[PDB]
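Here we start with a single chain on its own, the form deposited without Ceftriaxone, put down as structure tokens.
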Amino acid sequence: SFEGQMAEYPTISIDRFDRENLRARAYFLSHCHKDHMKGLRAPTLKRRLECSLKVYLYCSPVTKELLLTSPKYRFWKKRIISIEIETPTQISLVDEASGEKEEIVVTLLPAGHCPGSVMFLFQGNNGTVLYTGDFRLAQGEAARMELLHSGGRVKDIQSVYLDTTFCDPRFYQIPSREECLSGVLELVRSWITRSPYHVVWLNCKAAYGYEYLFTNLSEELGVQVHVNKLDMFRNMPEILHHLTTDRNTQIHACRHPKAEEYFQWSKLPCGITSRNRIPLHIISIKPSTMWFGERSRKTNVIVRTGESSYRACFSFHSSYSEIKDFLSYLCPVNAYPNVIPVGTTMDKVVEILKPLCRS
């Protein structure tokens, strides 16, 4: 897994804040997932901060909002500089100990992974590098990103630090964002139009990224989504007005440590079985990655798992096909995997990445 330092600009730390990253001249956070925040509130880094007053964390406006909602990250409050998307910004890296100054230009590109998720394009004295963080980009998407181009053609990119979550031909294709939403929208409509007592439980992991499912169910069916907490979205109206803490809705994305046991007893995670003494009829819809081999005999994005239970195709990460199209297109000198998944090896991932790089 990425240990925070790119060879080309070793004095900045991205998405890793422990060990050798405690010496960084500047910090970057691609997105507000725990996987990418290791060390970010170690006492020793809070200490580092108080002594080195010229060290800052850079991220999207949305990532800043989501990080500064959580009380354990409020010590960052005055040391976070948000940079607007698609806005090449010059950063002054200064070494406190030696007085050495380096100048670097950073561009935040949308990563399509969760609210505030960005890729970081770095331009300075040691070549152009792209850190993707976690990303999901449809085929052709890189070719339509203006700031990956100079004079109509792809920039000379020395190195790409790439999300390789599904970097194996096993995961050849994954249904698109729009097919996944279409399949969930239709199942939810088919259920909740039957009677006011027919309700959906969206069984989502406790992590940013499902907001656009809630947003699109809410818009299309005129029904707000029940959630445990929405205070992270208090300064984010485009999301917030699709959510509610009011349990009087037919669409729930609430959570509870015993939600599975609750479901067995026709109880929603927020604790209701009934409305006006009438029992609810609950179905569970569990977003779950589904994939299809090269032979394109794709199946339904909805899969029924029991009397009242469904899985729905959903992915936070690019398919093998999307990774190859993205890297193929950029044709960097070097590609480095941000992760080696449990079922593959560094050797097999590099054997996939090497042919898509220059020469």
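Think of the rigid core as the biggest set of C-alphas that the two forms share within 1.5 Å after superposition. Residue indices: 1-based, along the sequence shown.
Q: With the rigid core as the fit anchor, does 60 to 68 or 288 to 296 show bigger C-alpha shifts in 5 other deposited structures of this protein?
A: The stretch that sits farther from the shown form in 5 other deposited structures of this protein is 288 to 296.
Q: How do 240 to 248 and 175 to 183 compare in 5 other deposited structures of this protein: which one has C-alphas farther from this form after the rigid core is matched?
A: Comparing 175 to 183 with 240 to 248, the one that moves more in 5 other deposited structures of this protein is 240 to 248.
Q: When the other structures of this protein are compared, and only where the residues around it are present, is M119 absent from a third or more of them?
A: Residue status for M119: no gap in any other entry.
Q: Is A97 unbuilt in at least a third of the other PDB entries compared?
A: Across the other compared entries, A97 is absent from at least a third.
Q: Decide which of the stretches 42 to 50 and 303 to 311 has the higher mean C-alpha B-factor, going by the entry.
A: 42 to 50 has the higher mean C-alpha B-factor.
Q: Averaged over C-alpha atoms, is the B-factor higher for 236 to 244 or for 132 to 140 in this PDB entry?
A: It is 236 to 244.
Q: Highest Cα temperature factor in the entry, among the options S321, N334, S296, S30: which one is it?
A: Comparing C-alpha B-factors across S321, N334, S296, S30, the top value belongs to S296.
Q: Out of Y56, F316, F326, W291, which residue has the highest Cα temperature factor in the PDB record?
A: Highest CA B-factor of the listed options: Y56.
Q: Per the entry's values, where does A24 land by CA temperature factor relative to the rest of its chain, in the lowest, middle or highest third?
A: For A24, the deposited C-alpha B-factor lands in the middle third.
Q: Is the Cα B-factor recorded for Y73 in the lowest, middle or highest third of its chain?
A: Ranked within chain, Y73 CA B lands in the highest tercile.
Q: How does the C-alpha B factor of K229 compare with the rest of the chain: lowest, middle or highest third?
A: Highest third, going by the recorded CA B-factors of the chain.
Q: Classify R79 as lowest, middle or highest third according to the C-alpha B-factor given in the PDB entry, relative to its own chain.
A: Highest third of the chain for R79's C-alpha B-factor.
Q: According to the PDB entry, is the CA B factor of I192 in the bottom, middle or top third of its chain, that is, lowest, middle or highest?
A: Middle third of the chain for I192's C-alpha B-factor.
Note that the form deposited with Ceftriaxone bound isn't included here; everything after this is about it.
Q: Among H33, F166 and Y210, does every residue place a heavy atom within 4.5 Å of Ceftriaxone in the entry with it bound?
A: Yes, the whole trio is in contact, each within 4.5 Å by some heavy atom.
Q: Please identify, from 101 to 109, 262 to 270, 177 to 185, 279 to 287, the stretch that has a heavy atom within 4.5 Å of Ceftriaxone in the entry with it bound.
A: So the stretch in question is 279 to 287.
Q: Is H317 close enough to Ceftriaxone in the entry with it bound to count, meaning some heavy atom within 4.5 Å?
A: Looking in the entry with it bound, residue contacts with Ceftriaxone include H317, since a heavy atom lies within 4.5 Å.
Q: Is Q224 part of the interface with Ceftriaxone in the entry with it bound - any heavy atom within 4.5 Å?
A: No, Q224 stays farther than 4.5 Å from Ceftriaxone in the entry with it bound.
Q: Hey, in the entry with it bound, is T128 touching Ceftriaxone, heavy atoms inside 4.5 Å?
A: Heavy-atom contact with Ceftriaxone at 4.5 Å: absent for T128.
Q: Would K205 count as a contact of Ceftriaxone in the entry with it bound, using a 4.5 angstroms cut-off between non-hydrogen atoms?
A: Yes, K205 is a contact residue.
Q: Suppose contact means any heavy atom within 4.5 Å; which members of 172 to 188 contact Ceftriaxone in the entry with it bound?
A: Nothing in the stretch sits within 4.5 Å of the partner.
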